[PDB]
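Enquirer: Below you'll find the structure I mean.
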Amino acid sequence: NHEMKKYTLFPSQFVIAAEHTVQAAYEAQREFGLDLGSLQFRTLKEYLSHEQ
Amino acid sequence: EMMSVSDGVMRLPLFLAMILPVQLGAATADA
């Protein structure tokens, strides 16, 4: 005779965010001419894959 | 319990695939 069985799957989630103030951002832009928003966005995008 | 909180949905499974037993045999006819 024969017998059968069952197995199952289910996924998970993740979430991450970044924050920058306006006063410090303007101060840094004036002093050095950088771009905090782009740097933060790129770091988020990189770390999301790196952690996984 | 509420539909807004996105956990009150019942959800339904999926069938995916089915596995059948492998074949049997041996190689002892040389002798």
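Letters A, B, ... go to the chains of the structure tokens in the order shown; residues in each chain start at 1; ligands are counted from 1 in the same order.
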Please identify all polymer residues within 10 Å of range 13-26 of chain B, counting only C-alpha atoms, omitting same-chain residues fewer than 3 positions from it, and present them as a ChimeraX atom specification.
Expert: /A:2,4-6,8-10 /B:29
Enquirer: Kindly export the residues of the current selection with N, CA and C atoms, as a JSON list (two decimals), in the first residue's frame.
Expert:
[["chain", "number", "residue", "atom", "x", "y", "z"],
["A", 2, "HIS", "N", 0.25, 2.41, 0.08],
["A", 2, "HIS", "CA", 0.96, 3.68, 0.00],
["A", 2, "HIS", "C", 0.38, 4.67, 0.99],
["A", 4, "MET", "N", 0.69, 9.14, 2.18],
["A", 4, "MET", "CA", 1.01, 10.48, 1.71],
["A", 4, "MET", "C", 1.16, 11.44, 2.88],
["A", 5, "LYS", "N", 1.78, 12.59, 2.62],
["A", 5, "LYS", "CA", 2.07, 13.58, 3.64],
["A", 5, "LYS", "C", 1.89, 14.98, 3.06],
["A", 6, "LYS", "N", 2.13, 16.00, 3.89],
["A", 6, "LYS", "CA", 1.90, 17.39, 3.51],
["A", 6, "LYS", "C", 2.95, 18.28, 4.15],
["A", 8, "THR", "N", 4.26, 22.76, 4.11],
["A", 8, "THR", "CA", 3.73, 24.10, 3.89],
["A", 8, "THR", "C", 4.84, 25.15, 3.94],
["A", 9, "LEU", "N", 4.53, 26.32, 3.38],
["A", 9, "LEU", "CA", 5.44, 27.46, 3.33],
["A", 9, "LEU", "C", 4.68, 28.74, 3.65],
["A", 10, "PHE", "N", 5.42, 29.77, 4.06],
["A", 10, "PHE", "CA", 4.85, 31.09, 4.34],
["A", 10, "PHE", "C", 5.99, 32.10, 4.45],
["B", 29, "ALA", "N", 23.29, -8.71, -12.43],
["B", 29, "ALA", "CA", 23.18, -9.77, -13.43],
["B", 29, "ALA", "C", 24.49, -10.09, -14.12]]
Enquirer: So that I can check the secondary structure, give me every residue of chain A assigned helix (DSSP H, G or I) by backbone DSSP, as a ChimeraX atom specification.
Expert: /A:22-32,36-51
Enquirer: Would you compute the distance between CA of residue 19 in chain A and CA of residue 45 in chain A? Give it in Å to one decimal.
Expert: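 Those two atoms sit 14.2 Å apart.
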Enquirer: Figure out the distance between CA of residue 37 in chain A and CA of residue 23 in chain A, please, to one decimal in Å.
Expert: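 If I compute the distance from CA of residue 23 in chain A to CA of residue 37 in chain A, I get 13.3 Å.
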Enquirer: Tell me which protein, DNA and RNA residues are within 10 Å of residue 44 in chain A, counting only C-alpha atoms, leaving out same-chain ones fewer than 4 positions away, and put them as a ChimeraX atom specification.
Expert: /A:16-18,38-40,48-50
Enquirer: What would the file look like if the residues just selected were written as a PDB file, in the first residue's frame with N, CA, C and O atoms?
Expert:
ATOM      1  N   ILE A  16      12.456  49.394   6.955  1.00  0.00           N
ATOM      2  CA  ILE A  16      13.559  50.254   7.375  1.00  0.00           C
ATOM      3  C   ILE A  16      13.295  51.656   6.839  1.00  0.00           C
ATOM      4  O   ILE A  16      12.704  51.827   5.771  1.00  0.00           O
ATOM      5  N   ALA A  17      13.736  52.668   7.586  1.00  0.00           N
ATOM      6  CA  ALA A  17      13.491  54.058   7.222  1.00  0.00           C
ATOM      7  C   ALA A  17      14.699  54.902   7.611  1.00  0.00           C
ATOM      8  O   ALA A  17      15.557  54.474   8.388  1.00  0.00           O
ATOM      9  N   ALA A  18      14.755  56.111   7.054  1.00  0.00           N
ATOM     10  CA  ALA A  18      15.820  57.058   7.350  1.00  0.00           C
ATOM     11  C   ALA A  18      15.203  58.421   7.622  1.00  0.00           C
ATOM     12  O   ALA A  18      14.103  58.732   7.158  1.00  0.00           O
ATOM     13  N   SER A  38      20.258  61.979  -0.791  1.00  0.00           N
ATOM     14  CA  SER A  38      20.740  60.955  -1.713  1.00  0.00           C
ATOM     15  C   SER A  38      21.612  59.933  -0.995  1.00  0.00           C
ATOM     16  O   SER A  38      21.491  58.726  -1.232  1.00  0.00           O
ATOM     17  N   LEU A  39      22.498  60.403  -0.114  1.00  0.00           N
ATOM     18  CA  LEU A  39      23.366  59.494   0.628  1.00  0.00           C
ATOM     19  C   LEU A  39      22.546  58.550   1.500  1.00  0.00           C
ATOM     20  O   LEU A  39      22.808  57.341   1.543  1.00  0.00           O
ATOM     21  N   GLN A  40      21.539  59.086   2.193  1.00  0.00           N
ATOM     22  CA  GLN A  40      20.694  58.251   3.039  1.00  0.00           C
ATOM     23  C   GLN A  40      19.917  57.234   2.211  1.00  0.00           C
ATOM     24  O   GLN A  40      19.807  56.064   2.597  1.00  0.00           O
ATOM     25  N   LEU A  48      19.649  47.230   2.784  1.00  0.00           N
ATOM     26  CA  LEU A  48      18.522  46.309   2.678  1.00  0.00           C
ATOM     27  C   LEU A  48      18.953  44.978   2.073  1.00  0.00           C
ATOM     28  O   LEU A  48      18.543  43.911   2.547  1.00  0.00           O
ATOM     29  N   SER A  49      19.781  45.018   1.029  1.00  0.00           N
ATOM     30  CA  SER A  49      20.287  43.781   0.442  1.00  0.00           C
ATOM     31  C   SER A  49      21.381  43.164   1.304  1.00  0.00           C
ATOM     32  O   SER A  49      21.479  41.932   1.408  1.00  0.00           O
ATOM     33  N   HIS A  50      22.223  44.003   1.918  1.00  0.00           N
ATOM     34  CA  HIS A  50      23.342  43.482   2.698  1.00  0.00           C
ATOM     35  C   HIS A  50      22.863  42.658   3.887  1.00  0.00           C
ATOM     36  O   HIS A  50      23.420  41.587   4.178  1.00  0.00           O
TER      37      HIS A  50
END
